[PDB]
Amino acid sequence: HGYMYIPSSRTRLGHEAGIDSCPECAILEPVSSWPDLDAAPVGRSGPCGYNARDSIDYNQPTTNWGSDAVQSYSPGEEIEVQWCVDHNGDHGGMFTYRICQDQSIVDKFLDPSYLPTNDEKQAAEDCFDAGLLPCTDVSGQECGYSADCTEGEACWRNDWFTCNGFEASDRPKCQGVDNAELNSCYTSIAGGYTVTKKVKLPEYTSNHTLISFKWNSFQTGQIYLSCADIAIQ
(Lines of atoms letter the chains of each structure in order from A and count residues from 1; the text may use other names and numbers.)
(Lines give C-alpha, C1' and ligand atoms only; values in the text may rest on other atoms or scores of the structure.)
Protein backbone atom coordinates (compact mmCIF):
# COMPACT_ATOMS: atom_id res chain seq x y z
CA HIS A 1 0.00 0.00 0.00
CA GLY A 2 1.47 3.27 -1.07
CA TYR A 3 1.08 6.38 -3.25
CA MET A 4 3.12 9.34 -4.67
CA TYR A 5 3.66 12.15 -2.13
CA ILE A 6 5.98 14.74 -3.70
CA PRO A 7 5.20 16.48 -5.79
CA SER A 8 1.67 16.22 -4.48
CA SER A 9 -0.19 13.63 -6.55
CA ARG A 10 -3.89 13.56 -7.39
CA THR A 11 -4.11 10.87 -4.70
CA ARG A 12 -2.59 13.14 -2.04
CA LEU A 13 -4.84 16.02 -3.12
CA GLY A 14 -7.94 13.84 -2.81
CA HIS A 15 -6.89 12.97 0.71
CA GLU A 16 -6.30 16.67 1.52
CA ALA A 17 -9.86 17.48 0.33
CA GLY A 18 -11.13 14.83 2.75
CA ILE A 19 -13.15 12.95 0.18
CA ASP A 20 -11.38 9.68 0.63
CA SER A 21 -10.60 7.09 3.34
CA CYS A 22 -7.42 5.46 2.13
CA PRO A 23 -5.01 7.18 -0.29
CA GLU A 24 -2.63 4.21 -0.17
CA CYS A 25 -5.48 1.84 -1.24
CA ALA A 26 -5.36 2.62 -4.94
CA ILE A 27 -4.25 -0.71 -6.50
CA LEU A 28 -3.89 -2.44 -9.86
CA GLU A 29 -4.54 -6.10 -8.89
CA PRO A 30 -4.41 -9.01 -9.02
CA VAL A 31 -1.72 -8.82 -11.70
CA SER A 32 1.73 -10.14 -12.53
CA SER A 33 3.94 -7.35 -11.03
CA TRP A 34 7.16 -9.35 -11.03
CA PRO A 35 9.65 -9.94 -12.53
CA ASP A 36 8.41 -8.47 -15.79
CA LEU A 37 7.73 -4.90 -14.71
CA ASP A 38 5.77 -3.60 -17.64
CA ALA A 39 3.78 -6.65 -18.77
CA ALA A 40 0.54 -6.19 -16.82
CA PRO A 41 -2.07 -4.01 -18.54
CA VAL A 42 -3.26 -1.08 -16.41
CA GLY A 43 -6.97 -1.54 -17.07
CA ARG A 44 -9.15 0.97 -15.13
CA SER A 45 -6.23 1.97 -12.94
CA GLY A 46 -4.54 3.92 -15.78
CA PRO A 47 -1.44 6.06 -15.18
CA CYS A 48 -3.10 8.01 -12.29
CA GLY A 49 -4.72 5.17 -10.38
CA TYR A 50 -8.21 4.11 -9.50
CA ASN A 51 -9.08 3.83 -5.80
CA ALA A 52 -11.54 0.92 -5.65
CA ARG A 53 -12.03 1.16 -1.90
CA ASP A 54 -13.28 4.74 -2.17
CA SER A 55 -14.53 4.52 -5.80
CA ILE A 56 -12.43 7.41 -7.17
CA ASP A 57 -10.84 7.46 -10.61
CA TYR A 58 -7.82 9.77 -10.35
CA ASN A 59 -7.48 9.82 -14.18
CA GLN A 60 -10.33 12.31 -14.37
CA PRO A 61 -9.73 15.70 -12.79
CA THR A 62 -11.93 17.43 -10.27
CA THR A 63 -11.70 20.91 -8.74
CA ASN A 64 -9.55 19.16 -6.12
CA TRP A 65 -6.94 17.67 -8.58
CA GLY A 66 -5.90 17.49 -12.23
CA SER A 67 -7.24 20.86 -13.38
CA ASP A 68 -3.99 22.86 -12.73
CA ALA A 69 -0.31 22.07 -12.26
CA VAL A 70 0.61 21.67 -8.56
CA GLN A 71 4.22 22.79 -9.22
CA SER A 72 6.13 24.37 -12.11
CA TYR A 73 9.68 23.24 -12.98
CA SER A 74 12.26 23.85 -15.73
CA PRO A 75 13.27 21.46 -18.54
CA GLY A 76 16.07 19.25 -17.39
CA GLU A 77 15.74 20.27 -13.73
CA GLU A 78 16.64 17.60 -11.21
CA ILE A 79 13.78 17.33 -8.77
CA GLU A 80 13.00 15.40 -5.59
CA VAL A 81 10.33 12.76 -5.97
CA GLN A 82 8.86 10.98 -2.94
CA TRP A 83 6.30 8.24 -2.30
CA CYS A 84 4.76 7.05 0.85
CA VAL A 85 4.71 3.35 1.90
CA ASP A 86 2.25 2.07 4.53
CA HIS A 87 3.81 0.50 7.63
CA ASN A 88 1.66 -2.63 7.22
CA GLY A 89 2.02 -2.62 3.39
CA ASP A 90 5.78 -2.65 2.65
CA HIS A 91 5.88 -5.15 -0.26
CA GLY A 92 9.36 -4.39 -1.50
CA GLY A 93 9.89 -4.27 -5.25
CA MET A 94 10.77 -1.56 -7.72
CA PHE A 95 9.30 1.77 -8.67
CA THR A 96 9.57 4.44 -11.32
CA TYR A 97 8.39 7.89 -12.42
CA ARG A 98 7.36 8.67 -16.03
CA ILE A 99 6.44 11.63 -18.21
CA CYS A 100 4.49 11.14 -21.36
CA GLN A 101 6.03 13.43 -24.06
CA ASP A 102 2.78 13.35 -26.15
CA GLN A 103 0.65 16.31 -25.03
CA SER A 104 -2.32 15.09 -27.04
CA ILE A 105 -2.35 11.84 -25.13
CA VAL A 106 -1.96 13.62 -21.80
CA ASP A 107 -4.71 16.10 -22.57
CA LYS A 108 -7.23 13.27 -22.20
CA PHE A 109 -6.43 13.25 -18.51
CA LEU A 110 -6.70 17.04 -17.95
CA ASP A 111 -10.39 17.71 -18.56
CA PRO A 112 -12.69 17.48 -15.58
CA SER A 113 -15.70 16.88 -17.88
CA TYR A 114 -14.00 13.87 -19.55
CA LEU A 115 -13.32 10.35 -18.39
CA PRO A 116 -10.45 8.72 -20.32
CA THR A 117 -11.49 5.31 -21.77
CA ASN A 118 -9.71 2.05 -21.03
CA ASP A 119 -8.06 2.32 -24.47
CA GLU A 120 -6.79 5.84 -23.75
CA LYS A 121 -5.57 4.64 -20.26
CA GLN A 122 -3.41 1.96 -21.85
CA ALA A 123 -2.11 4.18 -24.69
CA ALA A 124 -1.15 6.69 -22.03
CA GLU A 125 0.62 3.95 -20.11
CA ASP A 126 2.62 3.00 -23.20
CA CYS A 127 3.50 6.71 -23.74
CA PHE A 128 4.61 6.95 -20.08
CA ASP A 129 6.86 3.87 -20.46
CA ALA A 130 8.57 5.49 -23.47
CA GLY A 131 8.98 8.54 -21.14
CA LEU A 132 10.46 6.82 -18.09
CA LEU A 133 12.70 9.05 -16.01
CA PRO A 134 15.76 6.89 -15.42
CA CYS A 135 17.50 6.80 -12.05
CA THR A 136 20.76 6.95 -14.02
CA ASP A 137 20.05 10.35 -15.49
CA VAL A 138 20.82 12.03 -12.17
CA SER A 139 24.58 12.37 -11.79
CA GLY A 140 25.71 11.16 -8.38
CA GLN A 141 22.57 9.15 -7.73
CA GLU A 142 23.29 5.51 -6.88
CA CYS A 143 21.16 3.32 -9.11
CA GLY A 144 21.44 -0.22 -7.91
CA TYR A 145 19.92 -3.49 -9.03
CA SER A 146 17.35 -5.28 -6.93
CA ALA A 147 18.57 -7.75 -4.31
CA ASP A 148 15.35 -9.71 -5.21
CA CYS A 149 16.39 -9.98 -8.85
CA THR A 150 19.29 -11.68 -10.80
CA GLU A 151 20.95 -10.74 -14.08
CA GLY A 152 19.07 -12.37 -16.88
CA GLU A 153 15.62 -11.52 -15.46
CA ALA A 154 13.29 -8.75 -16.71
CA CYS A 155 13.69 -7.01 -13.35
CA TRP A 156 17.38 -6.39 -14.00
CA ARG A 157 17.24 -2.78 -14.81
CA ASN A 158 18.43 0.37 -13.10
CA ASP A 159 16.35 2.87 -15.02
CA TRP A 160 13.67 1.88 -12.43
CA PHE A 161 14.58 2.49 -8.69
CA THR A 162 14.61 -0.42 -6.37
CA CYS A 163 13.44 -0.95 -2.89
CA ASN A 164 15.84 -2.79 -0.56
CA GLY A 165 15.77 -6.58 -0.45
CA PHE A 166 12.45 -7.94 0.79
CA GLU A 167 14.30 -10.34 3.12
CA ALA A 168 17.32 -8.09 3.47
CA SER A 169 19.06 -8.51 6.78
CA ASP A 170 19.58 -4.74 7.15
CA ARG A 171 17.02 -2.02 6.22
CA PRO A 172 14.83 -4.34 4.24
CA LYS A 173 12.13 -3.48 1.81
CA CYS A 174 10.99 -0.05 0.67
CA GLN A 175 11.09 1.55 4.10
CA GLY A 176 14.75 0.63 4.24
CA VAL A 177 15.59 3.05 1.43
CA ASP A 178 15.20 6.35 3.42
CA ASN A 179 15.04 4.54 6.76
CA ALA A 180 12.84 7.39 7.88
CA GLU A 181 10.54 7.59 10.93
CA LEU A 182 6.92 6.47 11.02
CA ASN A 183 4.46 9.24 9.93
CA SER A 184 7.10 11.00 7.89
CA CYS A 185 4.25 10.79 5.39
CA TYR A 186 0.53 10.07 5.78
CA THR A 187 -1.11 6.68 5.31
CA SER A 188 -4.51 5.80 6.76
CA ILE A 189 -3.96 2.16 7.72
CA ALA A 190 -0.86 2.14 9.97
CA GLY A 191 1.06 5.39 9.20
CA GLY A 192 3.59 6.05 6.41
CA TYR A 193 7.23 6.10 5.58
CA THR A 194 8.86 8.17 2.94
CA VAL A 195 10.70 6.79 0.01
CA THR A 196 12.80 9.45 -1.65
CA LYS A 197 14.71 9.83 -4.95
CA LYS A 198 15.68 12.33 -7.60
CA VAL A 199 14.84 12.41 -11.25
CA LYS A 200 15.81 14.62 -14.11
CA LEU A 201 12.87 16.24 -15.93
CA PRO A 202 12.98 15.79 -19.66
CA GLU A 203 14.07 18.50 -22.08
CA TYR A 204 10.46 19.18 -22.95
CA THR A 205 7.94 21.96 -22.22
CA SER A 206 4.26 21.71 -21.11
CA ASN A 207 2.12 24.21 -19.22
CA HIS A 208 0.37 21.14 -17.83
CA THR A 209 1.48 17.53 -18.01
CA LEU A 210 1.84 14.56 -15.70
CA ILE A 211 4.44 12.69 -13.78
CA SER A 212 3.11 9.09 -13.34
CA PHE A 213 4.47 7.00 -10.44
CA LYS A 214 4.39 3.20 -10.70
CA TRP A 215 5.30 0.80 -7.97
CA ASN A 216 5.56 -2.83 -8.82
CA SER A 217 5.25 -5.10 -5.74
CA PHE A 218 7.74 -7.85 -5.12
CA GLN A 219 5.80 -9.63 -2.37
CA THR A 220 2.36 -9.50 -3.94
CA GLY A 221 0.92 -9.36 -7.42
CA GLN A 222 0.01 -5.72 -7.14
CA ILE A 223 0.92 -2.45 -8.82
CA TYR A 224 0.39 1.03 -7.29
CA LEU A 225 -0.07 3.97 -9.62
CA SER A 226 -0.42 7.68 -8.87
CA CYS A 227 0.13 10.86 -10.92
CA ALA A 228 1.01 14.45 -10.23
CA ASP A 229 0.07 17.48 -12.38
CA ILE A 230 3.13 19.57 -13.29
CA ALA A 231 4.34 22.24 -15.57
CA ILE A 232 7.75 22.30 -17.24
CA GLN A 233 8.32 25.77 -18.62
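From 1 onward, residues are counted along the sequence shown. Whichever C-alpha set is largest while still superposing within 1.5 Å between the two forms counts as the rigid core.
Q: C-alpha RMS from this form in 7 other deposited structures of this protein, rigid core superposed: larger for 99-107 or 144-152?
A: The answer is 144-152, which departs more from the shown form in 7 other deposited structures of this protein.
Q: Quick one: core-superposed, which stretch strays further from the shown model in 7 other deposited structures of this protein, 58-66 or 162-170? Go by RMS C-alpha distance.
A: Higher root mean square deviation of C-alphas in 7 other deposited structures of this protein is shown by 162-170.
Q: Would you determine, from the values in the PDB entry, which of 221-229 and 15-23 has the greater average C-alpha temperature factor?
A: Stretch with the higher mean C-alpha B-factor: 15-23.
Q: Looking only at CA atoms, which has the higher mean B factor in the entry: 33-41 or 184-192?
A: Result: 184-192.
Q: From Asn118, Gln82, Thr96, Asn158, can you pick the one with the highest C-alpha B factor in the entry?
A: Out of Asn118, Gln82, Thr96, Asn158, the record gives the largest C-alpha B-factor to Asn118.
Q: What third of the chain, by the recorded C-alpha B-factor, contains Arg53?
A: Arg53: CA B-factor falls in the highest third of its chain.
Q: How does the C-alpha B factor of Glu125 compare with the rest of the chain: lowest, middle or highest third?
A: Its C-alpha B-factor, which the entry lists for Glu125, ranks in the lowest third among residues of this chain.
Q: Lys173: which third of its chain by C-alpha temperature factor?
A: Highest third of the chain for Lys173's C-alpha B-factor.
Q: Could you look up the Cα B-factor of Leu201 in the entry and say which third of the chain it sits in: lowest, middle or highest?
A: Its C-alpha B-factor, which the entry lists for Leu201, ranks in the middle third among residues of this chain.
Q: Sorting the chain's modelled residues by C-alpha B-factor, tell me whether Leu110 ends up in the lowest, middle or highest third.
A: As the PDB entry reports it, the C-alpha B-factor of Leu110 lands in the lowest third of its chain.
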